[PDB]
Ligand SMILES: *[C@@H]1O[C@H](CO)[C@@H](O)[C@H](O)[C@H]1NC(C)=O
Ligand SMILES: *[C@@H]1O[C@H](CO)[C@@H](O)[C@H](O)[C@H]1NC(C)=O
Ligand SMILES: *[C@@H]1O[C@H](CO)[C@@H](O)[C@H](O)[C@H]1NC(C)=O
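Protein chains in written order, with the authors' numbering: chain G, 1 to 108; chain A, 51 to 66, 80 to 121, 125 to 140, 157 to 161, 165 to 172, 187 to 210, 215 to 242; chain F, 1 to 120; chain C, 348 to 370, 374 to 380, 383 to 469, 492 to 517, 520 to 545.
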């Protein structure tokens, strides 16, 4: 029940690197930018990545991403036990308005 | 003593009139006036805002800056600065430029160029790292 | 030091209405675009609406379009969301968030409030 | 000045008695006790206001919103970075919008570049330390005969005795 498509989960050993993919139509990703959020249970979602590969203050260089074609992805390196959070893909649509994906659960 | 001096009985150019003149190891300048027309001197190289230029205008104001000078300066002298300082008769001057210092000597006496002997006392030692190859009299 | 505080997380009978309020401080209010996002229990984030700094444009998600109204008061540094014709499907944790910067807009940025729970 | 539009005060033709500064919460030189023994062609005091958590960005080898988009220092910087808390000076209730910083830029700044081509600081008296305003002055040392030098010390004059004297060198 979403437009942007993401995997239900991701996992790895601390110190390793994982990626979370995101896909949609040309009206979702192809003609727009992709933002990512890191949502730690117990509080609100926070911005992780914006405009494909930019970071807000407070977010370390272990978090980066990219956009190409009609798809986008988030890369998480140096996995820490404190990053066990739900990551979300979002973009502005040409037909619809604000679009968020289901979210990916990243676990240790 | 061994130093830069004006040779005795040397050839001296008499201006009546104020083109840009070359500057070598140092120069001698003297003027004879009744009406006090000469105001100061301009020292430097290209004098076109590309390099530092030394502008001395009689109070007495001394500036070193990237000035764009007029083709015929006289207020119409010029149109990024490193130094600024503010303070019938013959006025003798000596202008030297050694090891980053612009040295000025002078002597004023009551009165062609008169014959006689006197020594010029030092006026000021200016710590200005300026390249001087040309200068002009400002009227 | 950006802070956003939501209020109005109460229980309301289906078919009724509820207004939410977000207090804002720590940034220029009157020049910034602000957004609402809700999270239904067991689900991911669902975008609701945005209002720009000058009221120049307003956008709604289709599921709330025509039934939700967004407004702001730049003299009180506050954002409001009026949600009518409510259904049990609207049960969600509502969050107040600001955009990346002044003038323009895109999506909710880094500063999110704690949010409040709305039950229908 | 605002960090996006930091101002430069030029120091020249004077005695740089640095003991008035050395003896502030931050005083990091890139030795702070030997400043009075040095002469400079010029000294430049770059003055601006930033947040507490941005103070760490005012240094060689550092990156961040200030280091990259407002006030960049070179890896071979010579000089001293001095900073102190100004919570009771530059803060207002609701946020002091007088001070601004650059949040977005196409590319990073060069050392000592001043680009004023922009977001306000939410400076408030009740902010956490990391979000409180700090006044930062960076003293850049340019290494001419030199015009900026430390102070000279002196004693007194003793006459009619064998003494070891030094008169202006
Ligand atoms: C000075 O130079 C001129 C040529 O310009 C020459 O005719 C004159 O004899 C010279 N005078 C002396 C004393 O050398
Ligand atoms: C001349 O101006 C430039 C800026 O355009 C500056 O970088 C340079 O240092 C200035 N020159 C001097 C001697 O101050
Ligand atoms: C002239 O400029 C050169 C640099 O090209 C410098 O090394 C030299 O010392 C300068 N001379 C004077 C008299 O300033």
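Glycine is no exception: its CB is placed at the ideal position from the N, C-alpha and C atoms.
Three-state class that DSSP yields for residue i in the structure shown
i	result
residue 532/C	coil
residue 419/C	helix
residue 105/A	strand
residue 216/A	coil
residue 409/C	helix
residue 81/G	helix
residue 352/C	helix
residue 66/G	strand
residue 380/C	coil
residue 222/A	coil
residue 72/G	strand
residue 31/F	coil
residue 47/G	strand
residue 387/C	helix
residue 88/F	helix
residue 196/A	strand
residue 366/C	helix
residue 26/G	helix
residue 104/F	coil
residue 120/A	strand
residue 495/C	coil
Exposure label - residue i; buried when at least 16 CB within 10 Å
i	result
residue 54/A	exposed
residue 13/F	exposed
residue 406/C	buried
residue 28/G	buried
residue 99/F	buried
residue 66/A	exposed
residue 65/G	buried
residue 193/A	buried
residue 120/G	The displayed coordinates of chain G run from 1 to 108. Any statement about residue 120/G would go beyond what the structure contains.
residue 57/F	exposed
residue 102/A	exposed
residue 429/C	buried
residue 353/C	buried
residue 217/A	exposed
residue 112/F	buried
residue 348/C	exposed
residue 537/C	exposed
residue 36/G	buried
residue 212/A	Gap note for chain A: numbering proceeds from 210 to 215 with nothing in between, so residue 212/A has no coordinates.
residue 207/A	exposed
residue 501/C	buried
residue 30/F	exposed
residue 169/A	exposed
8 Å Cβ cutoff, residue i in contact with chain F
i	result
residue 107/G	no
residue 409/C	no
residue 501/C	yes
residue 98/G	yes
residue 35/G	yes
Within-8 Å CB hit, residue i to chain C
i	result
residue 225/A	no
residue 26/F	yes
residue 104/F	no
residue 107/A	no
residue 232/A	yes
residue 57/G	yes
residue 101/F	yes
residue 2/F	yes
residue 200/A	yes
Contact with chain A by residue i, beta-carbon distance below 8 Å
i	result
residue 415/C	no
residue 363/C	no
Residue-level contact to chain G via CB, residue i, 8 Å cutoff
i	result
residue 13/F	no
residue 82/F	no
residue 89/F	no
Proximity test, residue i beta-carbon vs ligand 4 heavy atom, cut-off 7 Å
i	result
residue 49/G	This structure lacks ligand 4; the ligands present are ligand 1, ligand 2 and ligand 3.
Discussion item. Using a Cβ distance threshold of 8 Å, determine whether the stretch 110-119 of chain A contacts the stretch 1-16 of chain F, with at least three qualifying pairs required.
Written reply: no
Worksheet item: Is the stretch 455-463 of chain C in contact with the stretch 221-231 of chain A, if contact means three or more CB pairs nearer than 8 Å?
Response: no
Item to complete: Please determine if the stretch 72-92 of chain G and the stretch 351-367 of chain C are in contact, where contact requires at least 3 C-beta pairs separated by less than 8 Å.
Response: no
Worksheet item: Three or more beta-carbon pairs under 8 Å between the stretch 87-95 of chain G and the stretch 507-517 of chain C, yes or no?
Response: no
Item to complete: Check whether the stretch 447-455 of chain C touches the stretch 403-423 of chain C, counting contact only when three or more Cβ pairs, one atom from each stretch, lie closer than 8 Å.
Response: yes
Worksheet item: Within the chosen definition, does the stretch 35-55 of chain F reach the stretch 74-90 of chain F through at least 3 CB pairs nearer than 8 Å?
Response: yes
Worksheet item: Contact between the stretch 100-119 of chain F and the stretch 31-49 of chain G: three or more CB pairs below 8 Å?
Response: yes
Discussion item. Does the contact criterion of 3 or more C-beta pairs under 8 Å hold for the stretch 14-23 of chain F versus the stretch 84-99 of chain F?
Written reply: yes
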